[PDB]
Amino acid sequence: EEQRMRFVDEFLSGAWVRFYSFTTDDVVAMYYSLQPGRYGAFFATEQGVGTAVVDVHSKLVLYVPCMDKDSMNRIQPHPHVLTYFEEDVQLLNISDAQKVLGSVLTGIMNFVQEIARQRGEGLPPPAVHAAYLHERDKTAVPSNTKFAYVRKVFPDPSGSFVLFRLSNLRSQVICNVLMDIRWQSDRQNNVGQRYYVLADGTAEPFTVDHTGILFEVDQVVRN
């Protein structure tokens with residue numbers, strides 16, 4: 001139908017993991033992009049985890065220094081950050097970001113620049129991609145586009161998937177059978193829309209997951 005296909009395109013439309021890369025660099029554990037033109041570092045802090053996202057067209061940078069509390073008591077929508085979490089979120093120009101991020105910003109810069117060198121040769125980012133990227137031609141997000149970030153990363157020790165939790169309360173399993181398993185949660189811990197998003201661009205709804213993949217993902221998250 002149409003109501004479904006339009007509701008599906010809405011689900012496919014926001015910030016999702018487009019690609020990511022783990023490292024052997026020590027400062028950043030993971031580079032990623034959730035929105036065209038925006039490149040993030042997911043990194044350890046003395047007390048836990050932090051992240052930052054650089055928009056390469058505007059050179060404005062989201063900085064989330066602490067993601068170690070899951071409080072969803074953010075009353076009002078932040079004007080530039082799509083997040084339902086109470087944690088402090090900062091928007092900085094690139095040079096203020098450099099002062100606080102150091103090697104992390106350098107790392108993001110080298111990630112961006114390598115991607116651009118590859119693109120100049122017609123080659124994609126050297127990174128693990130999701131099974132599907134909405135608006136594949138899109139190279140930059142409109143200016144007023146709110147920033148989203150990665151909050152949690154759960155890689156399968158056996159390499160079969162990675163689970164991501166995002167600041168917009170979306171969850172995304174990227175796995176090795178040419179589909180993602182995606183869903184939207186709310187703040188009272190309910191799950192709304194959820195789909196197998198297939199490499200052919202199709203999306204199949206499910207209620208309970210019969211594939212066994214989520215049951216295995218679940219065990220990894222609890223460990």
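Residues numbered from 1 in each chain as written, not as in the entry; some residues may be left out. Heavy atoms only, no water. Residues with missing side-chain atoms left out of burial classes, pairs and counts.

- Method information in the entry identifies X-ray crystallography as the source of the structure, with 2.2000 Å recorded as the resolution.

A look at helix α3 (residues 103-120)
Working step 1: Spanning 18 residues, α3 covers 25 Å between terminal C-alpha atoms, matching the ideal 26 Å at 1.5 Å per step.
Working step 2: Among the residues of α3, those classed as buried are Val 104, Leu 105, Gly 107, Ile 108, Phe 111, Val 112 and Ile 115. One side of α3 holds all its buried residues, which, seen down the axis, span an arc of 160°.
Working step 3: Summarising the contacts, the buried residues of α3 are in contact with β1 (19-22), β2 (28-33), β3 (38-44), β4 (49-55) and α2 (94-101). (Helix = DSSP H or I, 4+ residues; strand = E, 2+ residues; numbered from the N terminus. Expected span 1.5 Å × (residues − 1). Buried < 20%, exposed > 50% of the residue type's maximum accessible area, 1.4 Å probe, protein only. Arc of directions from axis to C-beta. Contact = heavy atoms within 4.5 Å.)

Comments concerning the nonpolar core
Working step 1: Of all hydrophobic cores here, the largest spans 32 residues; its most connected members are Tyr 32, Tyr 149, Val 150 and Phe 164.
Working step 2: Secondary-structure elements contributing two or more residues to this core are α1 (2-12), β2, β5 (60-64), β8 (150-155), β9 (161-166) and β12 (191-198).
Working step 3: Discounting chain neighbours no more than four positions away, the residues touching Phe 164 are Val 17, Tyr 20, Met 30, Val 150, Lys 152, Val 153, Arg 170, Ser 171, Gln 172 and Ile 174.
Working step 4: Formed by 20 residues, the second largest nonpolar core is a distinct cluster that contains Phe 19, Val 28, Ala 41 and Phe 111. (Core = buried A, V, L, I, M, F, W, Y, C linked by side-chain atoms within 4.5 Å.)

Regarding the side chain of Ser 185
Working step 1: By secondary structure assignment, the location of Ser 185 is in strand β11 (residues 179-185).
Working step 2: Judged by its relative accessible area of 18%, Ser 185 is buried.
Working step 3: For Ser 185, the residues in contact, after removing those within four places along its chain, are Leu 169, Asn 190 and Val 191.

Section: the pairing of β1
Working step 1: The pairing of β1 with β2 spans four bridges and is classified as antiparallel. From the neighbouring strand, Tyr 20 faces β2, where its bridge partner is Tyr 32.
Working step 2: Between β1 and β2, which pair antiparallel in sequence order, lie five residues.
Working step 3: By the bridge criterion, two bridges tie β1 to strand β7 (residues 128-129) in an arrangement that is antiparallel. Following the sheet pairing, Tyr 20 is matched in β7 by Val 128. (Pairing = 2+ DSSP bridges.)

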